[PDB]
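See below for the structure under consideration.
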Amino acid sequence: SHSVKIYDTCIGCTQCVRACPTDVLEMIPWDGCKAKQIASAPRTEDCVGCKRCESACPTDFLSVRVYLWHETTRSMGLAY
Amino acid sequence: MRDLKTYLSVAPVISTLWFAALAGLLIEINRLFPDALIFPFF
Amino acid sequence: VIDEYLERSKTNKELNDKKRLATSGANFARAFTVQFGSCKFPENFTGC
Amino acid sequence: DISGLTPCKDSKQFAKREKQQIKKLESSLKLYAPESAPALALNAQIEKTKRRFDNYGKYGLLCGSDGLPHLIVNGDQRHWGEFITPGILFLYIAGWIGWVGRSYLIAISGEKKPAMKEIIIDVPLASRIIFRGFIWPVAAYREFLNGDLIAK
Amino acid sequence: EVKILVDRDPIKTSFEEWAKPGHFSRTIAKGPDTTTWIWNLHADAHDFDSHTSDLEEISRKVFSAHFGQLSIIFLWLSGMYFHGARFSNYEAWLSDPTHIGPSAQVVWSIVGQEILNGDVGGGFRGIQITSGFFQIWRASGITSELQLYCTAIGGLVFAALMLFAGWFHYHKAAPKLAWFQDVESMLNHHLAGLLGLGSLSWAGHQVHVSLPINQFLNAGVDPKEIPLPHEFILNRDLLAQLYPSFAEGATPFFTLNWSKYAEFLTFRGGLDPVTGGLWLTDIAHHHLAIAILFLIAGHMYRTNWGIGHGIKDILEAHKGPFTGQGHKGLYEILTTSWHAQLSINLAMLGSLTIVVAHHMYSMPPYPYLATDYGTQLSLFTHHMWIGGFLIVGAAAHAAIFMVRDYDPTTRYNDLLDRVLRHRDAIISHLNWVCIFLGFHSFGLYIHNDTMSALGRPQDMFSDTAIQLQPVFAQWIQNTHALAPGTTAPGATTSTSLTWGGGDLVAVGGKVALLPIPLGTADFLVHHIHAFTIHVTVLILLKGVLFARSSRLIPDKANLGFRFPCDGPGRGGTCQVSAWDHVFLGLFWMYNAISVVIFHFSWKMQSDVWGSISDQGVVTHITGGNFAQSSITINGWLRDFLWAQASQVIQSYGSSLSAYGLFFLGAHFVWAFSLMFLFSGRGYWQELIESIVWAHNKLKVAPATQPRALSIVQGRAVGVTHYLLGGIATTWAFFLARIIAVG
Ligand code: CLA
Ligand code: CLA
Ligand code: CLA
Ligand code: CLA
Ligand SMILES: CC1=C(/C=C/C(C)=C/C=C/C(C)=C/C=C/C=C(C)/C=C/C=C(C)/C=C/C2=C(C)CCCC2(C)C)C(C)(C)CCC1
Ligand SMILES: CC1=C(/C=C/C(C)=C/C=C/C(C)=C/C=C/C=C(C)/C=C/C=C(C)/C=C/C2=C(C)CCCC2(C)C)C(C)(C)CCC1
Ligand SMILES: CC1=C(C/C=C(\C)CCC[C@H](C)CCC[C@H](C)CCCC(C)C)C(=O)c2ccccc2C1=O
Numbered sequence: 002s003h004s005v006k007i008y009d010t011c012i013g014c015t016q017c018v019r020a021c022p023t024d025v026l027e028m029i030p031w032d033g034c035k036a037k038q039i040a041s042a043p044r045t046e047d048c049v050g051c052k053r054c055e056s057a058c059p060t061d062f063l064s065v066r067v068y069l070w071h072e073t074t075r076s077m078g079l080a081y
Numbered sequence: 001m002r003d004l005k006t007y008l009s010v011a012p013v014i015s016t017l018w019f020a021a022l023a024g025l026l027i028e029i030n031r032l033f034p035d036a037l038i039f040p041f042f
Numbered sequence: 088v089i090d091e092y093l094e095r096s097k098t099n100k101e102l103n104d105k106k107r108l109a110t111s112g113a114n115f116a117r118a119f120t121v122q123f124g125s126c127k128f129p130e131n132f133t134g135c
Numbered sequence: 068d069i070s071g072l073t074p075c076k077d078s079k080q081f082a083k084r085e086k087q088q089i090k091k092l093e094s095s096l097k098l099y100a101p102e103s104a105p106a107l108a109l110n111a112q113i114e115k116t117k118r119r120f121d122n123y124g125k126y127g128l129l130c131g132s133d134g135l136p137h138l139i140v141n142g143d144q145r146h147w148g149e150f151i152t153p154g155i156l157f158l159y160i161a162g163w164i165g166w167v168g169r170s171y172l173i174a175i176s177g178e179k180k181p182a183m184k185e186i187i188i189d190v191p192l193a194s195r196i197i198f199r200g201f202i203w204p205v206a207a208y209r210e211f212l213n214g215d216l217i218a219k
Numbered sequence: 009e010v011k012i013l014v015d016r017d018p019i020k021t022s023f024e025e026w027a028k029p030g031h032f033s034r035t036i037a038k039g040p041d042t043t044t045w046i047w048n049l050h051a052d053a054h055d056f057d058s059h060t061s062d063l064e065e066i067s068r069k070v071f072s073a074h075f076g077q078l079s080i081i082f083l084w085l086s087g088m089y090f091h092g093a094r095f096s097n098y099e100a101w102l103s104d105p106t107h108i109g110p111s112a113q114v115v116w117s118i119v120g121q122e123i124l125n126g127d128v129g130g131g132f133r134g135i136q137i138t139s140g141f142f143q144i145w146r147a148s149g150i151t152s153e154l155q156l157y158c159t160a161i162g163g164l165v166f167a168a169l170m171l172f173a174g175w176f177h178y179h180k181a182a183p184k185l186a187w188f189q190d191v192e193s194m195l196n197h198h199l200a201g202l203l204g205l206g207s208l209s210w211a212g213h214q215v216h217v218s219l220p221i222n223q224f225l226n227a228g229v230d231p232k233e234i235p236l237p238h239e240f241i242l243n244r245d246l247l248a249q250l251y252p253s254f255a256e257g258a259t260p261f262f263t264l265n266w267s268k269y270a271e272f273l274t275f276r277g278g279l280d281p282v283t284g285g286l287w288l289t290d291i292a293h294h295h296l297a298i299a300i301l302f303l304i305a306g307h308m309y310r311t312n313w314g315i316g317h318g319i320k321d322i323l324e325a326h327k328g329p330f331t332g333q334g335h336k337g338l339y340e341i342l343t344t345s346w347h348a349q350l351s352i353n354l355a356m357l358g359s360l361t362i363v364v365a366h367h368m369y370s371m372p373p374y375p376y377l378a379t380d381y382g383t384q385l386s387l388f389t390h391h392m393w394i395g396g397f398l399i400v401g402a403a404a405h406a407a408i409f410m411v412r413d414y415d416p417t418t419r420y421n422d423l424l425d426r427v428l429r430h431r432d433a434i435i436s437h438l439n440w441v442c443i444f445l446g447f448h449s450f451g452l453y454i455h456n457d458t459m460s461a462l463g464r465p466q467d468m469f470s471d472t473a474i475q476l477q478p479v480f481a482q483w484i485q486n487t488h489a490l491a492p493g494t495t496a497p498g499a500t501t502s503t504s505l506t507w508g509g510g511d512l513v514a515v516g517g518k519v520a521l522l523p524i525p526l527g528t529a530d531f532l533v534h535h536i537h538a539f540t541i542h543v544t545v546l547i548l549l550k551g552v553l554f555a556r557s558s559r560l561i562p563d564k565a566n567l568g569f570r571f572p573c574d575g576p577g578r579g580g581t582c583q584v585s586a587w588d589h590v591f592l593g594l595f596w597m598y599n600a601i602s603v604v605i606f607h608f609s610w611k612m613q614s615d616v617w618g619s620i621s622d623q624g625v626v627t628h629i630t631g632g633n634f635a636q637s638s639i640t641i642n643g644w645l646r647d648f649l650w651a652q653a654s655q656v657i658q659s660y661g662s663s664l665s666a667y668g669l670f671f672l673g674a675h676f677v678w679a680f681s682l683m684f685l686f687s688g689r690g691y692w693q694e695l696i697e698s699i700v701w702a703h704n705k706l707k708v709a710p711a712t713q714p715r716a717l718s719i720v721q722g723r724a725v726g727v728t729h730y731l732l733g734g735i736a737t738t739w740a741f742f743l744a745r746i747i748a749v750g
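Protein chains in written order, with the entry's author numbering: chain C, 2 to 81; chain J, 1 to 42; chain N, 88 to 135; chain F, 68 to 219; chain A, 9 to 750.
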């Protein structure tokens, strides 16, 4: 299972949550931004590594980071 | 006339005109002076 | 093919190769006309 | 004279090469009629070859053992025209081009969207800028002395 | 019903849209932020389906582009004719075609390139051409240069007319959508009008102009003494002296006693001994029959009247054992999108071009064409390459249609769904077939090489140790040889001399045609051809079928048609789009065509071409070493690549030197392509960062920030350079060899 981390530079535009193809990220209430929300990655075990969340993130550098890690049946995208 | 002049100033047209003029000048210079290996004027 | 045109060709066999050679020479010299001296900068106007 | 090289007028292989070239040209020249244009073209080629060899002999180059001219880039005063003078000319031309380009870039940097000026050049401004390159060494030297050449 | 529908002045002609680049797309029209903008401006120029959504504008743009292409083609033809008229030795070559080499280009005398003016012959110096235009002009009956000048002027006029027509049909009167969607009338006019009438007119020209002039030329008459073509039309006495049937006039044609025209409408077949080509009477007869057939077949579809057939009715009312209801909604699909039609036409044109090359090399239709080897080689290779490229493009357009124009709700077809529901079995079977064919075909060669390298020549697959003969091809050859005796009583001889059986035909001391033997080497090369074709088909079919979705990526259609990948996840998803499949199949098409042309060249040089002495012995160019040296890879490398490259590398200082230079230059380009195929974008971007810093230090930073090329752009550049380098290398080698030795 890969590792997905979220930093505090997020502005809560909800693009990463919409971009995820396996329902890994969601949004929670927060306090330190105008949008009053921040993303989170509870369902880490379902990540495949497509890095679409990093593709859709407006910041100087990404506030969501994906590090590849130990692979399994789910992360390898195998249907057989 | 304004739009035609603006189009004529685009990069490929100016480039091809400049390079055609340069090639013509070089060809004519090499025709007037056939061969050249060293600078003999001095 | 009626052997009268063949006889005409035999009679006029000469000067036909001459015409062919002249045409070929003109076709070749069409590129070297300036280097030869003729068709110089004057008289290029509506010429050659 | 230098590095065991022979002056090109003295060397015999140079004349041998000229003889081979002339014979090769005449071999093809013999085919066509004397009045035909190809004969005139081949005669012009022969005259050009003779003139080229005469000029190469006159200019004082040094052929090697194989009979071909060699170039000396030492800086010897007897061979300054082979390398040094064309080098100076090339440096002048390249400096002209670079100075003109940099001046145009700095001139168009002021506007709000210089990209549209780069993709669509304006002709009057470039024409005004181009002729300032005739004095590029003086301007470059003065700008270096002042301190405007290098960005800070 | 069928009607003419147009719109008046849909667009206004002005130069305001010329000033601003990229007006077709708003994103491009916004302005250049980085350099990538420029690279986009040329990529989306011709993608009319993405500029808008209305079919009418796309159809009008397509029509105008067709008109412009026709104008360009006419300009090219006019230029070729003018070069033939002015700078050429056509008149000298006409009298002595065997001993004079055609030439239609003259090089200037600026730098020293005058060595390129070789001694072609006939008191002329120039570059020898291999386009085969001189044979066409001779077969058309042209015996002077004024006619060529007139043809060039007419070509210029027609090009101007085509350009004006394109402008008029885009900016003044543009047809509506219903005009383009009338396929029955278009088919009727293309079959009866474009094809039948043109061939009928050409047959009339051949009957009235080409045959008498060619008969006079073949008799031995000087070209300057032949009567002008209009004299035959004006003077019926001349034609009566030539062909007595014309004395009867057109009365026999209406009298149905057509046998009287047997003098200039024959069915003999074979090659003409004098010129080594097909009989012109047979060609005129074939054109007349084809005209009749096309004129009859052009009245099949119902347009504006009661009689006729409906294409939709024919498709829907089709019932069969394996098909079933089948073709129900195919008419709407074919009449809705341009990409399906483009793919079908591209594939058909490629197949037709390959067939054309084969039929042209087998039976020479022009006089003095078989004995000119360079022309034959150039025509064969050129047509093969064109056909391969078209066949490749067909699959790409099919994938484009399947990606962006396919919806199963509004327009549903049963056959397409059935095919899409079992793609795994098709792919698996094709993969197995490719693996089996490749294993056997290449293992035979590797076994031969290993057995020959170990001093065991009795264990190889050769004509002497273990024989694998093409029995079916030999049976077909024997049947074709025996065909005119009993099966085709009308023909005097067989269609071609290739079939095993008959006599040898040679013109002017050089072999024209003789029967071609078949052995183990032909077996092996044919199987290699089949293997390569199967692999290319597998690649293209896998690209087409899995375009919408896949087991790995279930939503590939949302990403589009041209995307690099999906990400580093799932183990890696590089090159999953159909564009990557086409880019990969280009390499295999190149490989297959190269193998085919190499086989053709070596076999023709070894077993057919040659010279004949007065005694009657035939000496071939390479002395028949194909049957024993082409069974191993070392033989292919030594007796073909090493032996036949002597001429190209030794061409320096002669009139062929240019070819040698190309033989080097193409090589360079090939290596250059590797730089774009082995690396990635990040390294180049990181290097450009430091270069941009070094620029910034001296205040020469451009507003358009430099950017490295995109992944798709890099792949396209690499494949383009690879193909160009390989093709140019083969071109230079072939031309140098066939000009220096033949
Ligand atoms: C790829 C194809 C290929 C083929 C077909 C051959 C074939 C041959 N090789 Mg060569 N060889 C090859 C490549 C190939 N080679 C390569 C790549 C190398 C390495 C460089 C060599 C090196 C080599 C050596 C060193 C030698 C040979 C020799 C031989 C022969 C030995 C045959 C044998 O003993 O085993 C055959 C064994 C079998 C079990 C046959 C299996 C196939 C059966 C028939 C399957 C058919 C399937 C059937 C249709 C299934 C349907 C099912 C249905 C009924 C339900 C044979 C003619 C030997 C020789 O001396 O010959 C003169 C020898 O010493 N070969
Ligand atoms: C019998 C008359 C007729 C003829 C001769 C043609 C012939 C042609 N059509 Mg077709 N067409 C016709 C009827 C006809 N059409 C009708 C009724 C329709 C409407 C359903 C169409 C719809 C159509 C389309 C939508 C397109 C064509 C295209 C073409 C061209 C194919 C290019 C090519 O193969 O090179 C062959 C090259 C030559 C023979 C050039 C010779 C020039 C010809 C003879 C021009 C005269 C043709 C015209 C129909 C008559 C003029 C009428 C006007 C003056 C009032 C070719 C010129 C394609 C094309 O290339 O577009 C330009 C194209 O896109 N056609
Ligand atoms: C019969 C004509 C034909 C037509 C009308 C089209 C039409 C179309 N094609 Mg298809 N195609 C065809 C045949 C055709 N194709 C063939 C034979 C192939 C196989 C190679 C393809 C493969 C193909 C691909 C892979 C793609 C298309 C796409 C497209 C669309 C974009 C066109 C474009 O922007 O190019 C504008 C022109 C260029 C970009 C010029 C590129 C430079 C070329 C490659 C260089 C050739 C160099 C020259 C021969 C060598 C001399 C060098 C000298 C200049 C120094 C357009 C609708 C593109 C698309 O996006 O579709 C939606 C796309 O991605 N086509
Ligand atoms: C010359 C080098 C080369 C070789 C040998 C191959 C080989 C192959 N390619 Mg690849 N390919 C190459 C370069 C090469 N490619 C390049 C440059 C590209 C461009 C990117 C591609 C792109 C490509 C694509 C796009 C595809 C392939 C596919 C294939 C396979 C075709 C099926 C088949 O023929 O297998 C039969 C086997 C052979 C021909 C290989 C040689 C085997 C010989 C006979 C030796 C066997 C001897 C023995 C068993 C060894 C035992 C010794 C050991 C015990 C010590 C095969 C594995 C196709 C595929 O995989 O589908 C099936 C496919 O779709 N290739
Ligand atoms: C080469 C070339 C060219 C030229 C061309 C030409 C010259 C053409 C011509 C053409 C022609 C010249 C054509 C014609 C046609 C014709 C036709 C198509 C006809 C038809 C007819 C008919 C159909 C008939 C009918 C009938 C009958 C059946 C019977 C009786 C009655 C009648 C008579 C009605 C150009 C420069 C352009 C371009 C480049 C190339
Ligand atoms: C393959 C190819 C090619 C070629 C082409 C060609 C060679 C074509 C031709 C074409 C042609 C060759 C065409 C023709 C056409 C024709 C027509 C279109 C006609 C028409 C006619 C008419 C219309 C008539 C009418 C009439 C009269 C006049 C009389 C009687 C009545 C009537 C009404 C019938 C090239 C090289 C370019 C390259 C690419 C590809
Ligand atoms: C070499 C290389 C580059 C670098 C290539 C670049 C930057 C292309 C440069 C093209 C030209 C030479 C740049 C300049 C173009 C202007 C028109 C120049 C105008 C000035 C005068 C010459 C007129 C990549 O960006 C790349 C990306 C992805 C995979 C492989 C590669 C790759 O192999």
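Cβ coordinates follow ideal geometry from the N, Cα and C atoms, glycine included.
Which residues in the same chain have their Cβ closer than 8 Å to the Cβ of residue i, if we skip the five residues on either side of it in sequence?
i             : result
residue 779/A : Residue 779/A lies beyond the range of chain A shown here (9 to 750); nothing can be said about it.
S78/F         : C130, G134
Taking only three categories from DSSP, how would you classify residue i?
i      : result
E101/N : coil
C442/A : helix
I746/A : helix
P22/C  : coil
Give me, in chain order, the residues of the same chain whose beta-carbon lies closer than 6 Å to that of residue i; leave out the 5 immediate sequence neighbours on both sides.
i             : result
residue 752/A : It is not possible to answer for residue 752/A, since the shown part of chain A is limited to 9 through 750.
What in chain A is Cβ-close to residue i, meaning under 9 Å?
i      : result
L158/F : Chain A residues near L158/F: none, gap ~17 Å exceeds 9 Å.
Output, in chain order, the set of chain F residues within a Cβ distance shorter than 9 Å of residue i.
i            : result
residue 52/J : Residue 52/J falls outside the range modelled here, since chain J spans only 1 to 42, and no answer is possible.
For residue i, which residues in chain F fall below 8 Å Cβ to Cβ?
i      : result
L706/A : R169, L216, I217, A218
With a threshold of 7 Å on Cβ separation, who are the neighbours of residue i within its own chain once the five nearest residues in sequence on each side are excluded?
i      : result
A305/A : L199
How would you list, in chain order, the residues of chain A whose beta-carbon sits under 7 Å from the beta-carbon of residue i?
i      : result
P105/F : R133
Residues around ligand 4, please: the condition is that the C-beta lies closer than 6 Å to some non-hydrogen atom of it.
The filter returns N439/A, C442/A, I443/A, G446/A, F447/A, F450/A, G451/A, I454/A, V543/A, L546/A, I547/A, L592/A, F595/A, in chain order.
Taking only runs of the alpha helix (DSSP H) that begin and end inside the stretch 75-146 of chain A, which ones reach a length of at least 4 residues, in chain order?
98-103
Starting from the N-terminal side, write out each stretch of the beta strand (DSSP E) that is 3 residues or longer and does not extend beyond the stretch 296-364 of chain A.
none
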